[PDB]
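Student: The following block contains the structure, expressed as structure tokens.
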Amino acid sequence: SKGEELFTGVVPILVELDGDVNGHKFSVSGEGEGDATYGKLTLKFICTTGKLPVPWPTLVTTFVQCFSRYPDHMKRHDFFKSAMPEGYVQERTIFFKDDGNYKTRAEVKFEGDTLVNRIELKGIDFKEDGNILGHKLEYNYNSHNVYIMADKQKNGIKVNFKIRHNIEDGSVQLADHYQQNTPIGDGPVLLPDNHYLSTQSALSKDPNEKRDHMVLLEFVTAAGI
């Protein structure tokens, strides 16, 4: 495909986010690198407007699936890389069970040799005393399966999955994800058969960092075929 070649080695990544959650405005900048050969991602995010108004874990999914490792036999299903370098639009609605929801819109593409993910996030109907606004989520993350299906109508794909956030009391906060991706360019893209991505992430902190931030290590691999 088109983009495949662009992912052959380590690629620097830039993440920029503007969000408003219940009138709480904030910005995040993140930098790091991805290595699709191993489906590896290493990034550091910084809340540039000060203190993050929501819990970091809630933003992970929002904060570049083109870095997923696709096994040789599954390469023909790699829509993500296929849309590169022109990129794709990734839109979502994330429903927090018994709480508010997040609507996101992002553009992911190359700027020179940097892979850029620019996002706009709008959060509404959050409970002031909920797990989110209330900051009751543990600082960790689970493994999930992300289901992908082709959307021949939009020349894109539809993606759906549920994230499980651990709550400090031992309970769980569900976050239903609904996603659509469409190519930015006019060029041909790879439309896949149903399959899924298997994810794993580790959250950490930078001991020497005083700004509000998050350190993230993540591995993702395609499967189901």
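By convention here, the chains of the structure tokens are called A, B, ... in the order presented, each chain's residues are numbered starting at 1, and ligands are numbered starting at 1 in the order presented.
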Could you please write out, as a PDB file with N, CA, C and O atoms, in the first residue's frame, every residue of region 39-219 of chain A that DSSP assigns to helix (DSSP H, G or I)?

Tutor:
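The new file states.pdb reads:
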```pdb
ATOM      1  N   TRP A  56      -6.615  11.428  33.607  1.00  0.00           N
ATOM      2  CA  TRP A  56      -5.813  11.062  32.455  1.00  0.00           C
ATOM      3  C   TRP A  56      -6.281   9.804  31.724  1.00  0.00           C
ATOM      4  O   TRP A  56      -6.354   9.745  30.507  1.00  0.00           O
ATOM      5  N   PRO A  57      -6.609   8.766  32.463  1.00  0.00           N
ATOM      6  CA  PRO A  57      -7.018   7.563  31.818  1.00  0.00           C
ATOM      7  C   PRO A  57      -8.152   7.734  30.883  1.00  0.00           C
ATOM      8  O   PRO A  57      -8.257   7.002  29.897  1.00  0.00           O
ATOM      9  N   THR A  58      -8.994   8.712  31.180  1.00  0.00           N
ATOM     10  CA  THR A  58     -10.132   8.939  30.308  1.00  0.00           C
ATOM     11  C   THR A  58      -9.767   9.407  28.903  1.00  0.00           C
ATOM     12  O   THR A  58     -10.566   9.273  27.985  1.00  0.00           O
ATOM     13  N   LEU A  59      -8.577   9.954  28.735  1.00  0.00           N
ATOM     14  CA  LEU A  59      -8.157  10.476  27.434  1.00  0.00           C
ATOM     15  C   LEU A  59      -7.284   9.564  26.560  1.00  0.00           C
ATOM     16  O   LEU A  59      -6.998   9.902  25.391  1.00  0.00           O
ATOM     17  N   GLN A  65      -3.847   4.685  15.517  1.00  0.00           N
ATOM     18  CA  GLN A  65      -3.920   3.282  15.163  1.00  0.00           C
ATOM     19  C   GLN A  65      -3.085   2.822  13.985  1.00  0.00           C
ATOM     20  O   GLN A  65      -2.970   1.621  13.753  1.00  0.00           O
ATOM     21  N   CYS A  66      -2.504   3.776  13.269  1.00  0.00           N
ATOM     22  CA  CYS A  66      -1.654   3.449  12.136  1.00  0.00           C
ATOM     23  C   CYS A  66      -0.353   2.817  12.667  1.00  0.00           C
ATOM     24  O   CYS A  66       0.436   2.237  11.914  1.00  0.00           O
ATOM     25  N   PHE A  67      -0.152   2.901  13.991  1.00  0.00           N
ATOM     26  CA  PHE A  67       1.025   2.302  14.627  1.00  0.00           C
ATOM     27  C   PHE A  67       0.766   0.880  15.135  1.00  0.00           C
ATOM     28  O   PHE A  67       1.577   0.301  15.857  1.00  0.00           O
ATOM     29  N   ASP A  72       2.002 -10.112   8.791  1.00  0.00           N
ATOM     30  CA  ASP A  72       2.145 -10.205   7.354  1.00  0.00           C
ATOM     31  C   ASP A  72       0.889 -10.641   6.653  1.00  0.00           C
ATOM     32  O   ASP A  72       0.454 -10.060   5.666  1.00  0.00           O
ATOM     33  N   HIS A  73       0.291 -11.698   7.126  1.00  0.00           N
ATOM     34  CA  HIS A  73      -0.889 -12.130   6.416  1.00  0.00           C
ATOM     35  C   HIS A  73      -2.067 -11.222   6.542  1.00  0.00           C
ATOM     36  O   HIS A  73      -3.046 -11.449   5.859  1.00  0.00           O
ATOM     37  N   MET A  74      -2.005 -10.211   7.393  1.00  0.00           N
ATOM     38  CA  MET A  74      -3.152  -9.318   7.500  1.00  0.00           C
ATOM     39  C   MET A  74      -2.937  -7.922   6.885  1.00  0.00           C
ATOM     40  O   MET A  74      -3.802  -7.050   6.948  1.00  0.00           O
ATOM     41  N   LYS A  75      -1.775  -7.690   6.300  1.00  0.00           N
ATOM     42  CA  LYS A  75      -1.450  -6.399   5.713  1.00  0.00           C
ATOM     43  C   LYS A  75      -2.503  -5.782   4.798  1.00  0.00           C
ATOM     44  O   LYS A  75      -2.701  -4.563   4.747  1.00  0.00           O
ATOM     45  N   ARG A  76      -3.186  -6.618   4.045  1.00  0.00           N
ATOM     46  CA  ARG A  76      -4.194  -6.081   3.160  1.00  0.00           C
ATOM     47  C   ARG A  76      -5.360  -5.451   3.900  1.00  0.00           C
ATOM     48  O   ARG A  76      -6.230  -4.869   3.254  1.00  0.00           O
ATOM     49  N   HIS A  77      -5.418  -5.585   5.233  1.00  0.00           N
ATOM     50  CA  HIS A  77      -6.557  -5.026   5.973  1.00  0.00           C
ATOM     51  C   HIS A  77      -6.190  -3.781   6.746  1.00  0.00           C
ATOM     52  O   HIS A  77      -6.972  -3.291   7.538  1.00  0.00           O
ATOM     53  N   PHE A  79      -6.256  -0.526   6.970  1.00  0.00           N
ATOM     54  CA  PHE A  79      -6.783   0.738   6.505  1.00  0.00           C
ATOM     55  C   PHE A  79      -5.970   1.945   6.974  1.00  0.00           C
ATOM     56  O   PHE A  79      -5.698   2.845   6.179  1.00  0.00           O
ATOM     57  N   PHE A  80      -5.591   1.954   8.257  1.00  0.00           N
ATOM     58  CA  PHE A  80      -4.885   3.064   8.865  1.00  0.00           C
ATOM     59  C   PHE A  80      -3.661   3.577   8.118  1.00  0.00           C
ATOM     60  O   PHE A  80      -3.541   4.775   7.860  1.00  0.00           O
ATOM     61  N   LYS A  81      -2.743   2.668   7.798  1.00  0.00           N
ATOM     62  CA  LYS A  81      -1.535   3.013   7.092  1.00  0.00           C
ATOM     63  C   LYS A  81      -1.814   3.401   5.644  1.00  0.00           C
ATOM     64  O   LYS A  81      -1.100   4.238   5.071  1.00  0.00           O
ATOM     65  N   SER A  82      -2.849   2.771   5.071  1.00  0.00           N
ATOM     66  CA  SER A  82      -3.252   2.969   3.703  1.00  0.00           C
ATOM     67  C   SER A  82      -3.711   4.381   3.391  1.00  0.00           C
ATOM     68  O   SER A  82      -3.631   4.830   2.242  1.00  0.00           O
TER      69      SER A  82
END
```

Student: Pick out the residues sitting within 6 Å of residue 34 (chain A), and hand them over as a list in words; count only C-alpha atoms, and ignore anything fewer than 5 positions along from it in its own chain.

Tutor: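 Once the adjacent positions are removed, what remains is residues 10, 11, 40 and 41 of chain A.
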
Student: Have a look at A:114, A:1, A:142, A:204 and name the one nearest to residue 190 (chain A); count only C-alpha atoms.

Tutor: A:1

Student: Excluding residue 137 (chain A) and residues on its chain fewer than 2 positions from it, collect all residues at most 9 Å away from it, counting only C-alpha atoms, and give them as a list in words.

Tutor: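 Residues near the query, excluding close chain neighbours: residues 55, 56, 57, 58, 131, 132, 134, 135, 139, 140, 165, 166, 167, 168, 169, 172 and 173 of chain A.
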
Student: Excluding residue 68 (chain A) and any residue of its chain fewer than 6 positions from it, enumerate the residues within 8 Å of it, using only C-alpha atoms, and give them as a PyMOL selection string.

Tutor: chain A and resi 36+38-40+197+219-222

Student: So that I have them on file, write out the residues from the current selection with N, CA, C and O atoms, as a compact mmCIF listing (two decimals), in the first residue's frame.

Tutor:
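See again38.txt below for the written result:
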```
# COMPACT_ATOMS: atom_id res chain seq x y z
N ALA A 36 5.69 0.81 14.44
CA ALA A 36 4.73 -0.14 13.95
C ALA A 36 5.29 -1.55 13.78
O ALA A 36 4.53 -2.51 13.79
N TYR A 38 6.81 -3.20 15.86
CA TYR A 38 6.49 -3.90 17.08
C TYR A 38 5.15 -3.46 17.66
O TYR A 38 4.81 -3.87 18.76
N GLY A 39 4.40 -2.63 16.94
CA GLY A 39 3.10 -2.12 17.42
C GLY A 39 3.30 -1.34 18.72
O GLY A 39 2.44 -1.29 19.60
N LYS A 40 4.47 -0.74 18.84
CA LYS A 40 4.87 -0.01 20.00
C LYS A 40 4.71 1.52 19.89
O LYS A 40 5.05 2.14 18.89
N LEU A 197 -8.13 -5.43 17.00
CA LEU A 197 -6.86 -5.01 17.54
C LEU A 197 -6.89 -5.33 19.03
O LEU A 197 -7.89 -5.11 19.72
N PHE A 219 1.20 -1.18 23.46
CA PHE A 219 1.41 -2.17 22.43
C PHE A 219 0.08 -2.57 21.84
O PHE A 219 -0.89 -2.80 22.56
N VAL A 220 0.05 -2.65 20.53
CA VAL A 220 -1.17 -3.00 19.87
C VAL A 220 -0.91 -3.89 18.65
O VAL A 220 -0.06 -3.59 17.81
N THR A 221 -1.66 -4.99 18.58
CA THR A 221 -1.55 -5.91 17.47
C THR A 221 -2.89 -6.39 16.90
O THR A 221 -3.86 -6.62 17.63
N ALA A 222 -2.92 -6.47 15.58
CA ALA A 222 -4.11 -6.89 14.86
C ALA A 222 -4.28 -8.40 14.90
O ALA A 222 -3.30 -9.14 14.93
```

Student: Tell me, counting only C-alpha atoms, for each residue of region 10-83 of chain A within 10 Å of region 207-216 of chain A, which pair of atoms is nearest and how far apart they are in Å to one decimal, in rows ordered by chain and increasing number, as a tab-separated table.

Tutor:
```
residue	atom	partner	partner_atom	distance
A:28	CA	A:213	CA	8.8
A:29	CA	A:213	CA	9.5
A:30	CA	A:214	CA	9.1
A:32	CA	A:216	CA	9.4
A:41	CA	A:216	CA	7.8
A:42	CA	A:216	CA	5.8
A:43	CA	A:216	CA	5.2
A:44	CA	A:215	CA	4.5
A:45	CA	A:214	CA	5.2
A:46	CA	A:213	CA	4.4
A:47	CA	A:212	CA	5.4
A:48	CA	A:211	CA	8.0
A:49	CA	A:212	CA	9.3
A:50	CA	A:212	CA	6.7
A:51	CA	A:212	CA	5.7
A:52	CA	A:212	CA	6.8
A:56	CA	A:214	CA	6.9
A:57	CA	A:214	CA	8.9
A:60	CA	A:216	CA	8.6
```

Student: Just the number, please: distance in Å from CA of residue 206 (chain A) to CA of residue 31 (chain A), one decimal.

Tutor: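 Calculated distance between CA of residue 206 (chain A) and CA of residue 31 (chain A) is 13.7 Å.
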
Student: Report, in Å with one decimal, the straight-line distance from CA of residue 175 (chain A) to CA of residue 127 (chain A).

Tutor: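 Straight-line distance from CA of residue 175 (chain A) to CA of residue 127 (chain A) works out to 14.7 Å.
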
Student: Residue 62 (chain A): which residues within 12 Å, counting only C-alpha atoms, same-chain residues fewer than 6 positions away excluded, as JSON, numbers by chain?

Tutor: {"A": [15, 16, 17, 18, 19, 28, 30, 56, 90, 91, 92, 93, 94, 102, 103, 104, 105, 106, 107, 108, 117, 118, 119, 120, 121, 122, 163, 177, 178, 179]}

Student: Mind dumping the selected residues with N, CA and C atoms as a PDB file, in the first residue's frame?

Tutor:
```pdb
ATOM      1  N   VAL A  15       1.081  15.174  19.488  1.00  0.00           N
ATOM      2  CA  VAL A  15      -0.336  15.121  19.796  1.00  0.00           C
ATOM      3  C   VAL A  15      -0.763  16.491  20.363  1.00  0.00           C
ATOM      4  N   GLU A  16      -1.828  17.079  19.823  1.00  0.00           N
ATOM      5  CA  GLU A  16      -2.321  18.358  20.296  1.00  0.00           C
ATOM      6  C   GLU A  16      -3.794  18.221  20.549  1.00  0.00           C
ATOM      7  N   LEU A  17      -4.245  18.630  21.742  1.00  0.00           N
ATOM      8  CA  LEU A  17      -5.663  18.530  22.036  1.00  0.00           C
ATOM      9  C   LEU A  17      -6.249  19.757  22.710  1.00  0.00           C
ATOM     10  N   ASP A  18      -7.425  20.122  22.241  1.00  0.00           N
ATOM     11  CA  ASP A  18      -8.186  21.205  22.803  1.00  0.00           C
ATOM     12  C   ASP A  18      -9.476  20.612  23.284  1.00  0.00           C
ATOM     13  N   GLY A  19      -9.770  20.808  24.562  1.00  0.00           N
ATOM     14  CA  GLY A  19     -10.997  20.242  25.077  1.00  0.00           C
ATOM     15  C   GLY A  19     -11.745  21.141  26.052  1.00  0.00           C
ATOM     16  N   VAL A  28      -3.811  19.984  25.904  1.00  0.00           N
ATOM     17  CA  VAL A  28      -2.761  18.993  26.103  1.00  0.00           C
ATOM     18  C   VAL A  28      -1.839  18.874  24.895  1.00  0.00           C
ATOM     19  N   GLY A  30       1.413  16.444  23.508  1.00  0.00           N
ATOM     20  CA  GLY A  30       2.133  15.222  23.751  1.00  0.00           C
ATOM     21  C   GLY A  30       3.146  14.957  22.643  1.00  0.00           C
ATOM     22  N   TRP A  56      -6.615  11.428  33.607  1.00  0.00           N
ATOM     23  CA  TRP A  56      -5.813  11.062  32.455  1.00  0.00           C
ATOM     24  C   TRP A  56      -6.281   9.804  31.724  1.00  0.00           C
ATOM     25  N   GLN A  90     -10.838  10.912  12.304  1.00  0.00           N
ATOM     26  CA  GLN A  90     -11.287   9.970  13.279  1.00  0.00           C
ATOM     27  C   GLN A  90     -12.276  10.712  14.164  1.00  0.00           C
ATOM     28  N   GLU A  91     -13.520  10.245  14.165  1.00  0.00           N
ATOM     29  CA  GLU A  91     -14.551  10.857  14.979  1.00  0.00           C
ATOM     30  C   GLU A  91     -15.089   9.846  15.957  1.00  0.00           C
ATOM     31  N   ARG A  92     -15.428  10.301  17.156  1.00  0.00           N
ATOM     32  CA  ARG A  92     -15.994   9.407  18.141  1.00  0.00           C
ATOM     33  C   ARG A  92     -17.026  10.036  19.053  1.00  0.00           C
ATOM     34  N   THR A  93     -17.756   9.150  19.665  1.00  0.00           N
ATOM     35  CA  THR A  93     -18.632   9.495  20.740  1.00  0.00           C
ATOM     36  C   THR A  93     -18.294   8.452  21.770  1.00  0.00           C
ATOM     37  N   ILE A  94     -17.984   8.892  22.975  1.00  0.00           N
ATOM     38  CA  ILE A  94     -17.642   7.996  24.080  1.00  0.00           C
ATOM     39  C   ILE A  94     -18.675   8.178  25.193  1.00  0.00           C
ATOM     40  N   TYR A 102     -18.280  12.081  25.688  1.00  0.00           N
ATOM     41  CA  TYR A 102     -17.272  12.841  24.982  1.00  0.00           C
ATOM     42  C   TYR A 102     -17.470  12.701  23.494  1.00  0.00           C
ATOM     43  N   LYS A 103     -17.379  13.835  22.805  1.00  0.00           N
ATOM     44  CA  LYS A 103     -17.465  13.864  21.362  1.00  0.00           C
ATOM     45  C   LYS A 103     -16.114  14.394  20.914  1.00  0.00           C
ATOM     46  N   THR A 104     -15.474  13.651  20.004  1.00  0.00           N
ATOM     47  CA  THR A 104     -14.160  14.035  19.546  1.00  0.00           C
ATOM     48  C   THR A 104     -14.051  14.053  18.038  1.00  0.00           C
ATOM     49  N   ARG A 105     -13.177  14.905  17.590  1.00  0.00           N
ATOM     50  CA  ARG A 105     -12.935  14.993  16.193  1.00  0.00           C
ATOM     51  C   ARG A 105     -11.464  15.224  16.043  1.00  0.00           C
ATOM     52  N   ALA A 106     -10.831  14.398  15.233  1.00  0.00           N
ATOM     53  CA  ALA A 106      -9.412  14.569  15.066  1.00  0.00           C
ATOM     54  C   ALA A 106      -8.974  14.301  13.648  1.00  0.00           C
ATOM     55  N   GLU A 107      -7.811  14.836  13.332  1.00  0.00           N
ATOM     56  CA  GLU A 107      -7.211  14.622  12.047  1.00  0.00           C
ATOM     57  C   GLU A 107      -5.849  14.012  12.285  1.00  0.00           C
ATOM     58  N   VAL A 108      -5.605  12.901  11.633  1.00  0.00           N
ATOM     59  CA  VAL A 108      -4.302  12.304  11.813  1.00  0.00           C
ATOM     60  C   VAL A 108      -3.592  12.189  10.479  1.00  0.00           C
ATOM     61  N   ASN A 117      -1.533  14.094  15.357  1.00  0.00           N
ATOM     62  CA  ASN A 117      -2.894  13.783  15.753  1.00  0.00           C
ATOM     63  C   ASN A 117      -3.474  15.037  16.381  1.00  0.00           C
ATOM     64  N   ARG A 118      -4.328  15.749  15.688  1.00  0.00           N
ATOM     65  CA  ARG A 118      -4.874  16.980  16.241  1.00  0.00           C
ATOM     66  C   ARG A 118      -6.309  16.757  16.614  1.00  0.00           C
ATOM     67  N   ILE A 119      -6.634  17.021  17.879  1.00  0.00           N
ATOM     68  CA  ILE A 119      -7.965  16.757  18.358  1.00  0.00           C
ATOM     69  C   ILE A 119      -8.720  17.875  19.034  1.00  0.00           C
ATOM     70  N   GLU A 120     -10.033  17.831  18.796  1.00  0.00           N
ATOM     71  CA  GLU A 120     -11.001  18.721  19.405  1.00  0.00           C
ATOM     72  C   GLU A 120     -11.940  17.842  20.203  1.00  0.00           C
ATOM     73  N   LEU A 121     -12.058  18.140  21.474  1.00  0.00           N
ATOM     74  CA  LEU A 121     -12.884  17.353  22.340  1.00  0.00           C
ATOM     75  C   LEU A 121     -13.914  18.165  23.085  1.00  0.00           C
ATOM     76  N   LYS A 122     -15.139  17.677  23.058  1.00  0.00           N
ATOM     77  CA  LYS A 122     -16.234  18.319  23.769  1.00  0.00           C
ATOM     78  C   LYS A 122     -16.926  17.284  24.669  1.00  0.00           C
ATOM     79  N   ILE A 163     -14.283   0.279  26.935  1.00  0.00           N
ATOM     80  CA  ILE A 163     -13.139   0.411  27.773  1.00  0.00           C
ATOM     81  C   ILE A 163     -13.644   0.250  29.175  1.00  0.00           C
ATOM     82  N   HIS A 177     -17.285   3.047  23.279  1.00  0.00           N
ATOM     83  CA  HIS A 177     -16.735   3.822  22.182  1.00  0.00           C
ATOM     84  C   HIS A 177     -17.399   3.517  20.865  1.00  0.00           C
ATOM     85  N   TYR A 178     -17.765   4.582  20.154  1.00  0.00           N
ATOM     86  CA  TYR A 178     -18.359   4.526  18.826  1.00  0.00           C
ATOM     87  C   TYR A 178     -17.468   5.354  17.921  1.00  0.00           C
ATOM     88  N   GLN A 179     -16.930   4.735  16.873  1.00  0.00           N
ATOM     89  CA  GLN A 179     -15.970   5.416  16.028  1.00  0.00           C
ATOM     90  C   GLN A 179     -16.111   5.222  14.529  1.00  0.00           C
TER      91      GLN A 179
END
```

Student: For residue 157 (chain A), which residue among A:174, A:83, A:13, A:21 is the nearest when counting only C-alpha atoms?

Tutor: A:83

Student: Grab the CA of residue 203 (chain A) to CA of residue 22 (chain A) distance for me, in Å with one decimal place.

Tutor: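 Rounded to one decimal, the two atoms are 25.4 Å apart.
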